[PDB]
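Worksheet: the structure to be examined is printed underneath.
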Amino acid sequence: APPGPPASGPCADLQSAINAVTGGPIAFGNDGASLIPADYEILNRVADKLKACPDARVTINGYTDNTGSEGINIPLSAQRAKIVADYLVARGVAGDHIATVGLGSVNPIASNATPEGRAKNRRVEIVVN
């Protein structure tokens, strides 16, 4: 038997474990689409946690405020998900195990009346699928 506590169900609730690495969803200010080095280290740990259960694919969604238009918010929502996906794949995930979704301005969570609110609704998120 190995040292330390037991390790049963190592992928059985990994949704909660992946959320615990991220501490929740991630925002986009100043430039509105420019991801931080502090997040890219969180993404290193998410990539390793996915790589510990290549049996359990993920899907990555991203959002934008509604000050833009569909022809601007479709590429912006997809780009936020693709930036996370490309970072995870570069750290060690197989491209087969990550999907991406453009949630442009649907199911909004902040008003566009302030630049902070825009960043709070430009959010990106991850879910096991």
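By convention here, the chains of the structure tokens are called A, B, ... in the order presented, each chain's residues are numbered starting at 1, and ligands are numbered starting at 1 in the order presented.
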
Where does DSSP see helix (DSSP H, G or I) in chain A, if you list the residues as a PyMOL selection string? chain A and resi 14-22+37-51+70-91+95-97+115-121

For the residues selected in the previous step, produce a file with C-alpha atoms as a compact mmCIF listing (two decimals), in the first residue's frame.
# COMPACT_ATOMS: atom_id res chain seq x y z
CA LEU A 14 -13.30 15.84 -10.99
CA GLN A 15 -15.75 18.67 -11.89
CA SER A 16 -15.38 19.85 -8.26
CA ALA A 17 -11.60 19.28 -8.29
CA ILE A 18 -11.14 21.25 -11.58
CA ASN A 19 -13.32 24.08 -10.13
CA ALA A 20 -11.11 24.04 -6.98
CA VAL A 21 -7.96 24.55 -9.15
CA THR A 22 -9.61 27.50 -11.02
CA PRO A 37 0.29 34.97 -16.52
CA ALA A 38 -1.37 34.37 -13.11
CA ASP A 39 -4.21 32.52 -14.93
CA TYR A 40 -1.75 30.62 -17.23
CA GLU A 41 -0.24 28.95 -14.08
CA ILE A 42 -3.78 27.96 -12.91
CA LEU A 43 -4.21 26.55 -16.47
CA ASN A 44 -0.95 24.54 -16.06
CA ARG A 45 -2.51 22.85 -13.00
CA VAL A 46 -5.86 22.32 -14.85
CA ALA A 47 -4.00 20.77 -17.81
CA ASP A 48 -2.19 18.34 -15.45
CA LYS A 49 -5.53 17.45 -13.76
CA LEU A 50 -7.11 16.69 -17.17
CA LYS A 51 -3.98 14.62 -18.10
CA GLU A 70 -22.96 38.96 -33.45
CA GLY A 71 -20.23 39.33 -36.17
CA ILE A 72 -17.81 40.59 -33.41
CA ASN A 73 -19.01 38.55 -30.41
CA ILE A 74 -18.94 35.15 -32.23
CA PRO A 75 -15.14 35.40 -32.82
CA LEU A 76 -14.53 37.00 -29.37
CA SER A 77 -16.39 34.25 -27.45
CA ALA A 78 -14.66 31.53 -29.50
CA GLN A 79 -11.22 33.20 -29.07
CA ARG A 80 -11.57 33.23 -25.25
CA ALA A 81 -12.31 29.48 -25.26
CA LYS A 82 -9.60 28.74 -27.90
CA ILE A 83 -6.94 30.62 -25.87
CA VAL A 84 -7.65 28.35 -22.87
CA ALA A 85 -7.79 25.25 -25.10
CA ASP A 86 -4.50 26.07 -26.85
CA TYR A 87 -2.75 26.68 -23.53
CA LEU A 88 -4.00 23.35 -22.10
CA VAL A 89 -2.93 21.48 -25.27
CA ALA A 90 0.54 23.14 -25.16
CA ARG A 91 0.97 22.12 -21.46
CA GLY A 95 -6.68 18.10 -28.74
CA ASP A 96 -9.28 15.25 -28.84
CA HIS A 97 -10.03 15.84 -25.10
CA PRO A 115 -15.73 48.57 -17.97
CA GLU A 116 -15.45 46.35 -14.85
CA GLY A 117 -18.92 44.89 -15.62
CA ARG A 118 -17.85 44.17 -19.20
CA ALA A 119 -14.85 42.18 -17.89
CA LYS A 120 -17.19 40.41 -15.35
CA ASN A 121 -19.40 39.23 -18.32

Please report, as a PyMOL selection string, each residue of region 3-98 of chain A to which DSSP assigns strand (DSSP E) when run on this structure's backbone. chain A and resi 58-62+98

Please provide the set of residues having any atom within 12 Å of residue 106 (chain A), restricted to only C-alpha atoms, with same-chain residues fewer than 3 positions apart removed, written as a PDB file with C-alpha atoms, in the first residue's frame.
ATOM      1  CA  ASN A  61     -17.145  28.148 -23.088  1.00  0.00           C
ATOM      2  CA  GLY A  62     -16.551  31.915 -23.270  1.00  0.00           C
ATOM      3  CA  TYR A  63     -18.807  35.021 -23.204  1.00  0.00           C
ATOM      4  CA  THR A  64     -18.630  38.805 -24.084  1.00  0.00           C
ATOM      5  CA  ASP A  65     -20.667  41.918 -23.161  1.00  0.00           C
ATOM      6  CA  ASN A  66     -23.435  42.998 -25.589  1.00  0.00           C
ATOM      7  CA  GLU A  70     -22.959  38.959 -33.454  1.00  0.00           C
ATOM      8  CA  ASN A  73     -19.012  38.549 -30.415  1.00  0.00           C
ATOM      9  CA  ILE A  74     -18.940  35.150 -32.232  1.00  0.00           C
ATOM     10  CA  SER A  77     -16.393  34.250 -27.449  1.00  0.00           C
ATOM     11  CA  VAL A 101     -18.018  26.964 -27.564  1.00  0.00           C
ATOM     12  CA  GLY A 102     -18.832  30.588 -28.502  1.00  0.00           C
ATOM     13  CA  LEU A 103     -21.425  31.855 -25.942  1.00  0.00           C
ATOM     14  CA  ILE A 109     -24.106  37.960 -15.559  1.00  0.00           C
ATOM     15  CA  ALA A 110     -23.093  41.691 -15.579  1.00  0.00           C
ATOM     16  CA  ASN A 121     -19.398  39.232 -18.318  1.00  0.00           C
ATOM     17  CA  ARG A 122     -16.494  38.596 -20.861  1.00  0.00           C
ATOM     18  CA  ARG A 123     -15.935  35.477 -18.681  1.00  0.00           C
TER      19      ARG A 123
END

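Of note, CA of residue 29 (chain A) and CA of residue 67 (chain A) are spaced 14.4 Å apart.
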
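The space between CA of residue 56 (chain A) and CA of residue 11 (chain A) spans 7.8 Å.
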
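What separates CA of residue 58 (chain A) from CA of residue 23 (chain A) is a distance of 17.0 Å.
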